[PDB]
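A.B. asks: Have a look at this one.
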Amino acid sequence: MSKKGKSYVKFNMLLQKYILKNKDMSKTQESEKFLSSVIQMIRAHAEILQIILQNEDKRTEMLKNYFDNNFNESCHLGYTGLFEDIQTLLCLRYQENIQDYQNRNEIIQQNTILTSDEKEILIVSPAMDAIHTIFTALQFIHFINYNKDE
Amino acid sequence: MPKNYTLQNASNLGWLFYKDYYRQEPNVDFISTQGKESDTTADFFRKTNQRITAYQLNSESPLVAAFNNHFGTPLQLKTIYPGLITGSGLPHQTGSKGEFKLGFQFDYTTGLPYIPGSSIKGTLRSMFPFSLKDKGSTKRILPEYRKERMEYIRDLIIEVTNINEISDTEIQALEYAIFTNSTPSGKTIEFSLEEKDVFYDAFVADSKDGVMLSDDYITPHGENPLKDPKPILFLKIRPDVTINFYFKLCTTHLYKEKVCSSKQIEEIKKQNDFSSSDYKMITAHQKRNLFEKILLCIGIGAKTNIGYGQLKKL
Amino acid sequence: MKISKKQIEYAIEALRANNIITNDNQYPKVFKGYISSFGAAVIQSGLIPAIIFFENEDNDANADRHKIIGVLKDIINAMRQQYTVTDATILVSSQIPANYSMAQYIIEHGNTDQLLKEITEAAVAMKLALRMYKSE
Amino acid sequence: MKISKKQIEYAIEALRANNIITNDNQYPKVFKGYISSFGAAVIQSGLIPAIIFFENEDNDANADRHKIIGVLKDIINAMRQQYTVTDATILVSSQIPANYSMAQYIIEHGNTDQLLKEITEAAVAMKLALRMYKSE
Amino acid sequence: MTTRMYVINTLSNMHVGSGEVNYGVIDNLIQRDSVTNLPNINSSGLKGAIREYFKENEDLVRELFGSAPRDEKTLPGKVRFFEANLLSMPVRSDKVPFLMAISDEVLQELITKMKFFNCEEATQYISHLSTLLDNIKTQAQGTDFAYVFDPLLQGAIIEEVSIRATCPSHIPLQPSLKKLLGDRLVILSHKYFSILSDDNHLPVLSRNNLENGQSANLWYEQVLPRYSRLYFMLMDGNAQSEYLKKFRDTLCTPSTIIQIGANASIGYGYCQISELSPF
Amino acid sequence: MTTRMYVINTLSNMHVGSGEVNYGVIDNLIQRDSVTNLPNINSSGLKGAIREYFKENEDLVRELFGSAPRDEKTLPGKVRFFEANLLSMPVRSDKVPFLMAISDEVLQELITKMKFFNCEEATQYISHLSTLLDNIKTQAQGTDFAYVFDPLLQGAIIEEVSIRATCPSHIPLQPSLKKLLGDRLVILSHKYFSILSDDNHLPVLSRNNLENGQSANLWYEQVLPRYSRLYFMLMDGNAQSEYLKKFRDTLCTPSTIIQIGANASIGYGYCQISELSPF
């Protein structure tokens with residue numbers, strides 16, 4: 001993540017919002033299963049999210065509508081408004097990634113000296129990196145919150 | 001074949017009128033041009049007609065008793081001399097001699113002549129102002145239609161209920177709640193199971209001392225007054241035949257020109273803003289009397305503009 | 001009941017030949033109601049009485065309803081023209097003669113089962129073909 | 001069967017272009033059911049009857065159902081702009097004319113197999129694309 | 001466990017539609033079982049109708065049927081609703097207004113279902129139904145038949161001239177079987193019954209949309225005749241005893257009428273549910 | 001240590017969901033085998049359903065199926081399940097309400113699986129099925145076929161694939177093979193059976209969510225037809241004999257009905273499991 005932008009600030013506030021300061025003494029942890037479902041549906045619908053992101057003008061409303069349609073009653077306890085923060089962070093990450101990596105990737109592909117393996121290693125997809133950042137942040141939140149280990 | 005239509009010994013009237021009417025008997029021709037006006041064809045159709053118009057219905061019929069059991073208390077009305085014609089558009093015409101030209105509405109299982117609930121519902125909704133659809137082909141006639149029907153329905157509602165004065169918007173809401181069971185915009189109202197208006201089928205219940213079916217003649221004299229007219233033969237429900245109208249109506253609660261369920265009015269009444277002036281209710285009996293007056297005014301069936309299907313209170 | 005593309009093609013050709021679909025690809029409104037009424041009459045009165053209903057042209061108050069029987073006969077003839085040579089449920093010794101009345105044809109050949117199946121299929125195909133084109 | 005990203009983008013473009021989503025990013029709730037109904041009709045009745053039934057608009061066939069076939073036409077056109085020559089595979093690529101209705105095209109030279117595949121992929125793409133708008 | 005058979009007596013006409021996925025000469029066609037191609041009520045529609053009837057009792061619906069849609073605490077249902085299949089259908093005749101028609105294949109299907117599901121009173125019913133089917137097959141000897149068990153119904157026309165009724169005198173119909181299957185029972189071969197219940201012979205009701213007395217739309221509706229009988233299976237599925245007792249008592253009360261299908265406002269599809277009586 | 005083949009007789013409709021991995025026109029599609037594309041049941045579903053049935057007997061479940069996911073002490077499963085592949089499917093006809101459809105490729109797969117796995121009574125079935133397949137291929141000799149082994153069923157029409165069934169009289173069908181494959185059996189070419197089991201020809205049932213009489217959601221569900229037969233292999237690898245005997249006795253009892261798949265409360269996926277009988 002780049003610290004010279006609003007994405008780092010949004011990441012910090014998103015973590016601070018949904019990190020439990022006191023251990024929850026509940027044997028069920030319904031909110032953690034909701035978080036696991038959100039994680040799974042983010043990693044499964046990554047390509048549709050990429051399609052949503054690659055659209056320019058109306059990507060924000062499309063993101064909100066897609067999350068609305070995929071998740072039903074997406075608020076049980078704890079995580080409230082998590083989707084709005086996630087979508088804002090994802091859009092900020094995508095814009096930063098477009099600023100950083102796009103021209104670099106285009107120039108990398110046009111270089112004949114580099115082999116296919118090195119070019120693939122060097123190339124970073126903006127939308128996939130943003131989705132991966134959201135996925136990693138959610139996994140960190142799940143790791144801190146869930147009582148069960150492993 | 002006999003009188004006193006019963007489940008034990010009686011032909012299905014609908015079957016006899018639609019399928020057995022055109023049975024391929026030997027030495028009867030109604031396919032060729034010459035056979036259609038042959039006298040054998042006329043005698044064949046005449047005997048079938050005689051069989052159809054020879055059945056009676058006892059007041060204590062088990063069929064109508066079962067109908068009363070299943071569909072609740074009936075609204076008993078009788079027919080005026082012209083008769084009652086329904087389902088006249090059903091195809092029953094071969095161009096032969098002595099045949100019933102127009103169709104007739106029979107129950108499939110029972111065979112008793114009946115008025116389908118859709119016919120009753122449409123006949124009742126026609127006099128209500130918001131029956132014509134605002135679709136573009138009716139743009140011209142919608143205003144006057146709505147105005148005259150609104151005036152007539154306001155008169156009927158004021159007469160039959162205890163409501164002193166009702167508005168056009170309240171009339172719209174009442175009509176949509178009664179028939180569509182929703183708001184005029186299509187939004188569903190949170191109604192309960194028993195808060196629905198069901199228009200069952202109307203069945204013949206009693207032909208007192210005569211048959212329930214008869215044949216009538218309509219003779220259109222041509223535009224040319226010198227050529228002979230062309231008689232038309234059809235099947236009518238006889239005069240003085242008891243028709244049982246079965247309904248399942250509810251109580252309609254109106255608050256601030258809006259239609260609300262029983263629970264919503266139960267909560268609204270308790271609130272310390274409940275205006276008695278802005279609250280109107282129509283019981284099931286008042287709604288039934290409204291439907292009864294509509295039927296006694298306009299009648300039901302076909303050829304109603306010329307006196308057919310006119311009902312009288314038993 | 002699945003209708004093949006060739007049946008719909010036959011329906012289109014029969015509608016064109018019987019002068020229902022005009023040159024500019026438009027058909028009178030009441031013809032779809034005629035088709036639906038024919039199906040209902042077949043269910044309600046039987047095949048022979050329904051065909052007698054729709055072959056009688058003496059009404060002169062509705063539109064010309066006898067064309068639908070001509071379209072049905074043309075579709076049936078075109079379907080019979082390409083029956084496979086198995087001769088079990090074929091019954092195609094020839095086509096239906098043009099000047100024959102279809103009701104008489106049904107009376108003469110007591111194969112009401114096959115004729116009923118073909119007539120039902122042809123009516124459905126003609127309904128679909130009319131749905132292809134534009135009303136008034 | 002697996003939908004590519006390009007087909008979903010084509011579905012978004014066609015849905016916006018064929019006037020299904022208003023400028024407020026809402027689509028009428030009936031269209032998802034219409035897509036499901038089109039799939040079920042293709043399965044139960046067949047490609048040709050389903051296309052014919054869903055393409056007509058002369059009556060009150062919900063006055064919006066032909067927009068689905070318009071979107072399918074747009075998607076199939078877009079998919080046949082690309083993957084054009086690909087001589088190693090067995091597919092025929094052409095541009096289906098704007099004046100030709102889809103029913104007319106499949107009646108004429110549909111071949112009913114490439115068209116079946118394109119229709120099912122286009123329907124799936126439409127469902128995925130509608131998942132990113134909201135019901136009115 | 002504790003599977004029971006319930007019979008649906010349609011007091012009025014029934015239209016459970018399959019949507020516009022089917023195109024025939026009739027606009028609106030009814031649902032048919034995908035195996036036997038006979039009119040049927042899907043288990044989803046049956047469960048929905050009974051849930052709509054019981055909706056006032058929240059505890060009963062929650063315990064038995066499960067959580068409503070848009071409920072935070074999603075909850076599975078304890079009772080299992082099986083598909084309603086056609087038992088008897090009314091057919092029009094000239095000796096009588098209507099007759100109750102059942103086919104030998106329908107009887108075999110019923111026997112097989114009772115054997116497989118182990119209904120409450122299935123033993124004696126299976127015995128006597130198997131006996132009746134064997135006697136019917138012995139009389140027919142592999143031919144089309146139309147057997148009536150009332151001697152006055154000889155020579156009757158079953159909806160069509162080609163289907164005429166005969167009476168084998170020594171084949172007995174038990175009073176309990178008559179109660180389950182219906183009075184004026186005619187048992188038809190598979191061909192005759194498939195002809196009588198096919199799309200061309202099922203009753204059609206017409207509807208007209210009028211605009212100031214002029215016709216706008218005209219469509220015809222396929223319906224299942226009134227007084228037709230259908231059967232379905234109910235599994236308790238480890239449900240609470242008192243809620244099940246209330247459910248059974250309400251469903252089997254003669255005052256209870258359930259609406260299944262379409263066109264509820266105009267009187268389509270009102271039924272009575274009855275339990276399988278002891279033989 | 002012993003491999004036994006079991007047959008799944010389906011008493012209702014089956015929906016085992018593929019789960020959005022396979023997109024299609026229908027929103028909910030059933031599970032199909034990876035190689036043959038025929039409808040099947042994943043072994044995880046079979047194990048889950050049977051474990052759900054036997055949940056009452058903790059000792060049997062622990063010894064045979066394994067430990068519950070939440071248990072701290074891990075216990076492997078001792079009984080090894082295998083996926084249930086389609087054996088025979090009902091197809092609509094005109095002479096009989098339905099026929100039991102099998103294909104030459106399905107029979108060959110059954111023979112190959114029996115050879116590979118060495119079922120308990122594999123030898124006799126392999127011999128007789130090989131005889132049947134050789135006779136059928138000698139009779140058809142390279143053409144598309146549809147063979148019925150009951151003379152009364154001659155000339156039956158398969159409605160979906162409009163072909164008539166011809167009876168070769170010199171090919172005998174043993175009674176044990178009739179018990180296995182099913183009564184009223186038709187053996188078709190691979191193409192006919194593929195069309196019959198295709199996505200375009202399997203039953204689709206419409207389901208609607210009504211919000212105060214108006215449709216909220218609408219979706220379509222693919223279902224495996226009622227009475228379809230599926231077979232699976234069961235390995236009793238290193239299991240205690242008494243628990244195995246109790247499991248086999250309970251599973252093969254005619255009173256045992258198993259629910260496999262989705263829509264349990266509306267009677268989807270109720271099966272009966274029978275063992276491979278001796279020839």
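Following the order of the structure tokens, first chain is A, next is B, and so on, with residues numbered from 1 inside each chain and ligands from 1 in the order they appear.
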Residues within 7 Å of segment 67-79 of chain B, please, as a list in words. Count only C-alpha atoms; anything in the same chain fewer than 2 positions from it doesn't count.
C.D. replies: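 Near segment 67-79 of chain B, the qualifying residues are residues 63, 64, 65, 81, 83, 84, 239, 240, 241, 242, 243, 244, 245, 246, 309, 310, 311, 312, 313 and 314 of chain B.
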A.B. asks: I need the chosen residues saved as a compact mmCIF listing (two decimals), in the first residue's frame, with N, CA, C and O atoms.
C.D. replies:
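Output saved as result_9.txt:
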# COMPACT_ATOMS: atom_id res chain seq x y z
N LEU B 63 -76.89 -30.55 -4.90
CA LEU B 63 -75.83 -29.78 -5.54
C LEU B 63 -75.77 -28.36 -4.99
O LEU B 63 -74.71 -27.88 -4.57
N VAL B 64 -76.92 -27.68 -4.97
CA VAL B 64 -76.95 -26.31 -4.48
C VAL B 64 -76.73 -26.28 -2.97
O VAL B 64 -76.18 -25.31 -2.44
N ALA B 65 -77.17 -27.32 -2.25
CA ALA B 65 -76.89 -27.39 -0.82
C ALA B 65 -75.39 -27.48 -0.56
O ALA B 65 -74.87 -26.83 0.35
N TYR B 81 -88.54 -11.48 -17.11
CA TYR B 81 -89.04 -12.26 -18.24
C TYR B 81 -88.08 -12.41 -19.41
O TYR B 81 -87.99 -13.53 -19.95
N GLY B 83 -84.97 -12.93 -19.64
CA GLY B 83 -84.10 -14.04 -19.33
C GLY B 83 -82.69 -13.59 -18.99
O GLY B 83 -82.43 -12.43 -18.68
N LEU B 84 -81.77 -14.55 -19.05
CA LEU B 84 -80.37 -14.31 -18.73
C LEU B 84 -79.50 -15.05 -19.73
O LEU B 84 -79.63 -16.27 -19.88
N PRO B 239 -87.42 -17.10 -17.11
CA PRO B 239 -87.90 -16.16 -16.08
C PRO B 239 -88.21 -16.88 -14.77
O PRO B 239 -88.56 -18.06 -14.75
N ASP B 240 -88.09 -16.13 -13.68
CA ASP B 240 -88.40 -16.62 -12.33
C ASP B 240 -87.55 -17.83 -11.97
O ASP B 240 -88.05 -18.84 -11.45
N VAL B 241 -86.26 -17.72 -12.23
CA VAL B 241 -85.28 -18.73 -11.85
C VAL B 241 -84.34 -18.10 -10.82
O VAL B 241 -83.82 -17.01 -11.04
N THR B 242 -84.15 -18.79 -9.70
CA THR B 242 -83.34 -18.25 -8.61
C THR B 242 -81.86 -18.44 -8.92
O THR B 242 -81.40 -19.56 -9.14
N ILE B 243 -81.12 -17.34 -8.93
CA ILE B 243 -79.68 -17.35 -9.11
C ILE B 243 -79.04 -17.06 -7.76
O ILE B 243 -79.42 -16.08 -7.09
N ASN B 244 -78.10 -17.89 -7.35
CA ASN B 244 -77.41 -17.73 -6.08
C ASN B 244 -76.05 -17.10 -6.35
O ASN B 244 -75.21 -17.68 -7.03
N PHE B 245 -75.84 -15.90 -5.81
CA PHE B 245 -74.58 -15.19 -5.92
C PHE B 245 -73.80 -15.37 -4.63
O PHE B 245 -74.26 -14.97 -3.56
N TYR B 246 -72.62 -15.98 -4.72
CA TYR B 246 -71.79 -16.26 -3.57
C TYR B 246 -70.61 -15.30 -3.54
O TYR B 246 -69.88 -15.18 -4.53
N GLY B 309 -80.93 -10.46 -18.70
CA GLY B 309 -80.09 -10.51 -17.52
C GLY B 309 -80.47 -9.56 -16.42
O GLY B 309 -79.62 -9.21 -15.60
N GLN B 310 -81.73 -9.12 -16.37
CA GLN B 310 -82.18 -8.18 -15.35
C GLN B 310 -82.71 -8.95 -14.15
O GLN B 310 -83.56 -9.84 -14.30
N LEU B 311 -82.23 -8.60 -12.96
CA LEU B 311 -82.48 -9.36 -11.75
C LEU B 311 -83.41 -8.60 -10.82
O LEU B 311 -83.42 -7.37 -10.78
N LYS B 312 -84.20 -9.36 -10.06
CA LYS B 312 -85.12 -8.82 -9.07
C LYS B 312 -84.87 -9.48 -7.73
O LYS B 312 -84.46 -10.64 -7.66
N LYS B 313 -85.11 -8.73 -6.66
CA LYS B 313 -84.89 -9.26 -5.32
C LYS B 313 -85.96 -10.30 -4.99
O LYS B 313 -87.15 -10.04 -5.15
N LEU B 314 -85.52 -11.46 -4.54
CA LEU B 314 -86.40 -12.59 -4.29
C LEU B 314 -87.50 -12.25 -3.29
O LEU B 314 -87.30 -11.45 -2.38
A.B. asks: When you look at segment 69-71 of chain F with a cut-off of 12 Å (counting only C-alpha atoms), what residues show up, excluding the ones that are within fewer than 5 positions of it in the same chain? I need them as a PDB file with N, CA and C atoms, in the first residue's frame.
C.D. replies:
ATOM      1  N   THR A  28     -20.461 -18.660  19.905  1.00  0.00           N
ATOM      2  CA  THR A  28     -20.929 -18.802  18.532  1.00  0.00           C
ATOM      3  C   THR A  28     -20.180 -17.907  17.553  1.00  0.00           C
ATOM      4  N   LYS A 148     -11.169 -18.706  17.713  1.00  0.00           N
ATOM      5  CA  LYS A 148     -10.588 -19.993  17.359  1.00  0.00           C
ATOM      6  C   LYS A 148      -9.348 -19.794  16.499  1.00  0.00           C
TER       7      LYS A 148
ATOM      8  N   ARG F  62     -19.552 -42.317  14.819  1.00  0.00           N
ATOM      9  CA  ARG F  62     -18.143 -42.116  15.131  1.00  0.00           C
ATOM     10  C   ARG F  62     -17.280 -43.218  14.530  1.00  0.00           C
ATOM     11  N   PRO F  76     -10.625 -40.506  11.773  1.00  0.00           N
ATOM     12  CA  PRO F  76     -10.911 -40.683  10.347  1.00  0.00           C
ATOM     13  C   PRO F  76     -12.131 -41.561  10.125  1.00  0.00           C
TER      14      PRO F  76
END
A.B. asks: What are the DSSP helix (DSSP H, G or I) residues of segment 96-239 of chain F, as a PyMOL selection string?
C.D. replies: chain F and resi 104-117+122-140+151-153+175-181+190-196
A.B. asks: If you superpose chain D onto chain C over the full set of Cα atoms in sequence order, what number do you get for the RMSD in Å?
C.D. replies: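 Per the least-squares fit, the RMSD is 1.6 Å.
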A.B. asks: Could you pull out the residues in segment 41-165 of chain F that DSSP calls strand (DSSP E) from the backbone, as a PyMOL selection string?
C.D. replies: chain F and resi 41+80-81+84-92+98-103+146-148+157-158+163-164
A.B. asks: Selected residues, N, CA and C atoms, written as a PDB file, in the first residue's frame, please.
C.D. replies:
ATOM      1  N   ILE F  41     -24.598 -37.863  -7.975  1.00  0.00           N
ATOM      2  CA  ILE F  41     -24.557 -37.359  -6.611  1.00  0.00           C
ATOM      3  C   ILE F  41     -23.117 -37.444  -6.136  1.00  0.00           C
ATOM      4  N   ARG F  80     -15.840 -46.026   3.280  1.00  0.00           N
ATOM      5  CA  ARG F  80     -15.516 -45.167   2.149  1.00  0.00           C
ATOM      6  C   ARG F  80     -16.680 -45.154   1.167  1.00  0.00           C
ATOM      7  N   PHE F  81     -17.230 -43.970   0.930  1.00  0.00           N
ATOM      8  CA  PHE F  81     -18.347 -43.789   0.018  1.00  0.00           C
ATOM      9  C   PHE F  81     -17.840 -43.447  -1.378  1.00  0.00           C
ATOM     10  N   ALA F  84     -22.663 -41.449  -6.580  1.00  0.00           N
ATOM     11  CA  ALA F  84     -23.779 -42.184  -7.155  1.00  0.00           C
ATOM     12  C   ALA F  84     -23.981 -41.731  -8.593  1.00  0.00           C
ATOM     13  N   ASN F  85     -23.796 -42.648  -9.535  1.00  0.00           N
ATOM     14  CA  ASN F  85     -23.966 -42.362 -10.950  1.00  0.00           C
ATOM     15  C   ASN F  85     -25.341 -42.822 -11.417  1.00  0.00           C
ATOM     16  N   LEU F  86     -25.855 -42.150 -12.442  1.00  0.00           N
ATOM     17  CA  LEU F  86     -27.203 -42.430 -12.913  1.00  0.00           C
ATOM     18  C   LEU F  86     -27.259 -43.794 -13.587  1.00  0.00           C
ATOM     19  N   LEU F  87     -28.245 -44.601 -13.194  1.00  0.00           N
ATOM     20  CA  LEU F  87     -28.468 -45.906 -13.805  1.00  0.00           C
ATOM     21  C   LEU F  87     -29.602 -45.867 -14.824  1.00  0.00           C
ATOM     22  N   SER F  88     -30.805 -45.497 -14.393  1.00  0.00           N
ATOM     23  CA  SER F  88     -31.958 -45.460 -15.279  1.00  0.00           C
ATOM     24  C   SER F  88     -32.805 -44.237 -14.970  1.00  0.00           C
ATOM     25  N   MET F  89     -33.326 -43.605 -16.019  1.00  0.00           N
ATOM     26  CA  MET F  89     -34.154 -42.424 -15.865  1.00  0.00           C
ATOM     27  C   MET F  89     -35.520 -42.644 -16.502  1.00  0.00           C
ATOM     28  N   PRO F  90     -36.587 -42.141 -15.889  1.00  0.00           N
ATOM     29  CA  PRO F  90     -37.907 -42.242 -16.518  1.00  0.00           C
ATOM     30  C   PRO F  90     -38.025 -41.333 -17.731  1.00  0.00           C
ATOM     31  N   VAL F  91     -38.612 -41.874 -18.792  1.00  0.00           N
ATOM     32  CA  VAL F  91     -38.914 -41.121 -20.001  1.00  0.00           C
ATOM     33  C   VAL F  91     -40.394 -41.291 -20.308  1.00  0.00           C
ATOM     34  N   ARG F  92     -41.016 -40.228 -20.810  1.00  0.00           N
ATOM     35  CA  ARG F  92     -42.441 -40.254 -21.095  1.00  0.00           C
ATOM     36  C   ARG F  92     -42.727 -41.042 -22.364  1.00  0.00           C
ATOM     37  N   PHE F  98     -44.645 -44.182 -18.135  1.00  0.00           N
ATOM     38  CA  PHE F  98     -43.239 -43.863 -18.325  1.00  0.00           C
ATOM     39  C   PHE F  98     -42.475 -45.152 -18.585  1.00  0.00           C
ATOM     40  N   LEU F  99     -41.291 -44.997 -19.168  1.00  0.00           N
ATOM     41  CA  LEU F  99     -40.374 -46.095 -19.420  1.00  0.00           C
ATOM     42  C   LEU F  99     -39.087 -45.861 -18.643  1.00  0.00           C
ATOM     43  N   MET F 100     -38.364 -46.944 -18.391  1.00  0.00           N
ATOM     44  CA  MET F 100     -37.106 -46.894 -17.657  1.00  0.00           C
ATOM     45  C   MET F 100     -35.973 -46.901 -18.674  1.00  0.00           C
ATOM     46  N   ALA F 101     -35.318 -45.758 -18.843  1.00  0.00           N
ATOM     47  CA  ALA F 101     -34.365 -45.560 -19.925  1.00  0.00           C
ATOM     48  C   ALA F 101     -32.947 -45.826 -19.443  1.00  0.00           C
ATOM     49  N   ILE F 102     -32.233 -46.676 -20.181  1.00  0.00           N
ATOM     50  CA  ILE F 102     -30.811 -46.910 -19.983  1.00  0.00           C
ATOM     51  C   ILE F 102     -30.147 -46.888 -21.351  1.00  0.00           C
ATOM     52  N   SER F 103     -28.835 -46.686 -21.354  1.00  0.00           N
ATOM     53  CA  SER F 103     -28.073 -46.605 -22.589  1.00  0.00           C
ATOM     54  C   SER F 103     -26.934 -47.613 -22.568  1.00  0.00           C
ATOM     55  N   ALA F 146     -33.610 -48.493 -30.010  1.00  0.00           N
ATOM     56  CA  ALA F 146     -34.400 -48.353 -28.788  1.00  0.00           C
ATOM     57  C   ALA F 146     -35.134 -49.676 -28.592  1.00  0.00           C
ATOM     58  N   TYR F 147     -34.636 -50.504 -27.682  1.00  0.00           N
ATOM     59  CA  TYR F 147     -35.118 -51.870 -27.523  1.00  0.00           C
ATOM     60  C   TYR F 147     -35.877 -52.019 -26.214  1.00  0.00           C
ATOM     61  N   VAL F 148     -37.102 -52.529 -26.306  1.00  0.00           N
ATOM     62  CA  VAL F 148     -37.910 -52.894 -25.150  1.00  0.00           C
ATOM     63  C   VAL F 148     -38.027 -54.409 -25.123  1.00  0.00           C
ATOM     64  N   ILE F 157     -43.699 -44.738 -28.024  1.00  0.00           N
ATOM     65  CA  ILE F 157     -43.065 -43.513 -28.493  1.00  0.00           C
ATOM     66  C   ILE F 157     -42.326 -42.870 -27.328  1.00  0.00           C
ATOM     67  N   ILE F 158     -41.074 -42.496 -27.557  1.00  0.00           N
ATOM     68  CA  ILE F 158     -40.340 -41.653 -26.623  1.00  0.00           C
ATOM     69  C   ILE F 158     -40.633 -40.217 -27.036  1.00  0.00           C
ATOM     70  N   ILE F 163     -38.989 -41.388 -31.310  1.00  0.00           N
ATOM     71  CA  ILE F 163     -38.608 -42.675 -31.871  1.00  0.00           C
ATOM     72  C   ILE F 163     -39.471 -43.754 -31.238  1.00  0.00           C
ATOM     73  N   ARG F 164     -39.778 -44.782 -32.019  1.00  0.00           N
ATOM     74  CA  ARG F 164     -40.595 -45.892 -31.554  1.00  0.00           C
ATOM     75  C   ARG F 164     -39.697 -47.035 -31.104  1.00  0.00           C
TER      76      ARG F 164
END
A.B. asks: Contacts between chain D and chain A, please, where a residue of chain A counts if it comes within 10 Å (with only C-alpha atoms); show its shortest atom pair and distance in Å to one decimal, rows by chain and ascending number, as JSON lines.
C.D. replies:
{"residue": "A:47", "atom": "CA", "partner": "D:5", "partner_atom": "CA", "distance": 7.3}
{"residue": "A:48", "atom": "CA", "partner": "D:5", "partner_atom": "CA", "distance": 7.5}
{"residue": "A:49", "atom": "CA", "partner": "D:132", "partner_atom": "CA", "distance": 9.8}
{"residue": "A:50", "atom": "CA", "partner": "D:5", "partner_atom": "CA", "distance": 8.8}
{"residue": "A:51", "atom": "CA", "partner": "D:5", "partner_atom": "CA", "distance": 6.9}
{"residue": "A:52", "atom": "CA", "partner": "D:132", "partner_atom": "CA", "distance": 8.1}
{"residue": "A:54", "atom": "CA", "partner": "D:9", "partner_atom": "CA", "distance": 9.8}
{"residue": "A:55", "atom": "CA", "partner": "D:9", "partner_atom": "CA", "distance": 9.2}
{"residue": "A:58", "atom": "CA", "partner": "D:25", "partner_atom": "CA", "distance": 8.9}
{"residue": "A:59", "atom": "CA", "partner": "D:132", "partner_atom": "CA", "distance": 9.6}
{"residue": "A:61", "atom": "CA", "partner": "D:25", "partner_atom": "CA", "distance": 7.8}
{"residue": "A:62", "atom": "CA", "partner": "D:132", "partner_atom": "CA", "distance": 5.3}
{"residue": "A:63", "atom": "CA", "partner": "D:132", "partner_atom": "CA", "distance": 7.2}
{"residue": "A:64", "atom": "CA", "partner": "D:132", "partner_atom": "CA", "distance": 8.3}
{"residue": "A:65", "atom": "CA", "partner": "D:132", "partner_atom": "CA", "distance": 5.5}
{"residue": "A:66", "atom": "CA", "partner": "D:132", "partner_atom": "CA", "distance": 4.5}
{"residue": "A:67", "atom": "CA", "partner": "D:132", "partner_atom": "CA", "distance": 8.3}
{"residue": "A:68", "atom": "CA", "partner": "D:134", "partner_atom": "CA", "distance": 8.3}
{"residue": "A:69", "atom": "CA", "partner": "D:131", "partner_atom": "CA", "distance": 6.5}
{"residue": "A:70", "atom": "CA", "partner": "D:131", "partner_atom": "CA", "distance": 7.8}
A.B. asks: Could you write out as a PyMOL selection string the residues of chain D within 9 Å of chain C, counting only C-alpha atoms?
C.D. replies: chain D and resi 44-46+48-49+52-53+55-59+101+103-104+106-108
A.B. asks: Which residues are near residue 95 of chain A? Cut-off 9 Å, only C-alpha atoms, ignore same chain within fewer than 5 positions. Put them as a PDB file with C-alpha atoms, in the first residue's frame.
C.D. replies:
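The new file out29.pdb reads:
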ATOM      1  CA  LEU A  90     -11.128  -0.364  -2.918  1.00  0.00           C
ATOM      2  CA  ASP A 100       1.453   3.863 -10.195  1.00  0.00           C
ATOM      3  CA  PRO A 126      -4.290  -2.677 -10.562  1.00  0.00           C
TER       4      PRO A 126
END
